[PDB]
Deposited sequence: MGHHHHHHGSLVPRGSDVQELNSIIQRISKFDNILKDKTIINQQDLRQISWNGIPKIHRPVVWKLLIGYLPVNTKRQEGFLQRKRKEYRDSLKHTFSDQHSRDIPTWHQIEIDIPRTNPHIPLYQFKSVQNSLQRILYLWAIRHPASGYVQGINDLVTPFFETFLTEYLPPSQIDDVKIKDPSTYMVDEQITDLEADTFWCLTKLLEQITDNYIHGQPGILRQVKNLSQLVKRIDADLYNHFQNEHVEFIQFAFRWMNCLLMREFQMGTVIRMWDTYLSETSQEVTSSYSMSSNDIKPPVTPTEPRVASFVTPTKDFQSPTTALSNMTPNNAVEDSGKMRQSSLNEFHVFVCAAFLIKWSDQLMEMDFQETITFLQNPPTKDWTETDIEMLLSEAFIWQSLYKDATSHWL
């Protein structure tokens, strides 16, 4: 279809991705900023985040080396060469069954064991933060998205309900775990200071957000002062889990098409995320202006986003982007 919108967008992505020698990264960024067809997300996300080589002939040998390195790290980790860090192993253990509790995928034992490996290897390789709660959330958009590559297009929508074991052999699961591990590593390198002792990364971001909202919406800011609403009472979770806890997984996945294009190595993740949060907060300004302290905190910890479409999130992202430009000369 030239008149069918999803078919035409897929076609434009094929033109950039398919039958090329070197995939043009700037062309892929421009298009992806505006949403990535679900058929294309696993490959595009990997390219954008800097994991998968843009030179297509390098790709097979690269992944082979990265997937074997992850296997060698598993082998070393579960052997007498590694003394298990029990507090870390245990904190991840007790977070996993509490990760995305209302998505059936996450209660499969196979999925839980995958996430345990990814998160524990990440944590023992990053001793300045260790594992910090909320990083279990951040691994899952990559995990679930990368799984969809292993599904026929017509079952991509069932990814939340099928046990990976029923359509992937163990070796494929290990391959997906590697990719998830290396891509989670690239994400977290963008925001290191967020999870070290004291979480200064988050505290800076919340201050930056306070000051942005004072500038862009002074009335909302003054109302918050009048009611003793502190930004930290709702925005700490916004930074720690990158808004994952305020949206449905489908909205998060779509928003990450844009985060990965925006930050593909052009803005930093920390900076763009604060603009997003300012745009998200100001979206509710009207309802919020009439609210007392308990109403504000309850609402901003349970925002009404369950029915948001890709177009709801697109409008938020484009407003963040515009503000990022407009309200740039502001420290």
- Per the record, the structure omits deposited positions 1 to 18, 284 to 340, 407 to 410
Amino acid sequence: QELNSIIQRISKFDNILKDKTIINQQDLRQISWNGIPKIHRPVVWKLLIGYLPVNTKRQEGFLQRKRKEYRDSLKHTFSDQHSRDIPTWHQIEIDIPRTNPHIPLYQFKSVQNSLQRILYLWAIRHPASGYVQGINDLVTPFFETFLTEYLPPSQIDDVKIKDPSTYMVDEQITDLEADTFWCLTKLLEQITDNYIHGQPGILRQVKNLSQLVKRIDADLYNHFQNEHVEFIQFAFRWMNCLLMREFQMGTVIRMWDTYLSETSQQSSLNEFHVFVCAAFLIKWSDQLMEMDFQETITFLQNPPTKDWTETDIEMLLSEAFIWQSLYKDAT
From here on, numbers count along this sequence of modelled residues.
- Task: Taking the mean of the C-alpha B-factors per stretch from the entry, tell me the winner out of 253 to 261 and 220 to 228.
- Result: 220 to 228
- Which wins on mean Cα temperature factor, 22 to 30 or 63 to 71? 22 to 30
- According to the deposited entry, which of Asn136, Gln91, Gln211, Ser110 has the largest Cα B-factor? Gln211
- Which of these has the highest Cα B-factor in the record: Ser165, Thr99, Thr148, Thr174? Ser165
- Note on the structure: On the chain's distribution of Cα B-factors, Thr305 falls within the third called lowest
- Task: Going by the recorded CA B-factors, say which third of the chain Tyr195 sits in, lowest, middle or highest.
- Result: middle
- Taking the values exactly as deposited, rank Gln81 by C-alpha B-factor within its chain and report the matching third: lowest, middle or highest. highest
- Note on the structure: Sorting the chain's modelled residues by C-alpha B-factor and splitting them into thirds places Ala320 in the middle
- Name the third of the chain's ranked CA B-factors that contains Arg215, choosing lowest, middle or highest. highest
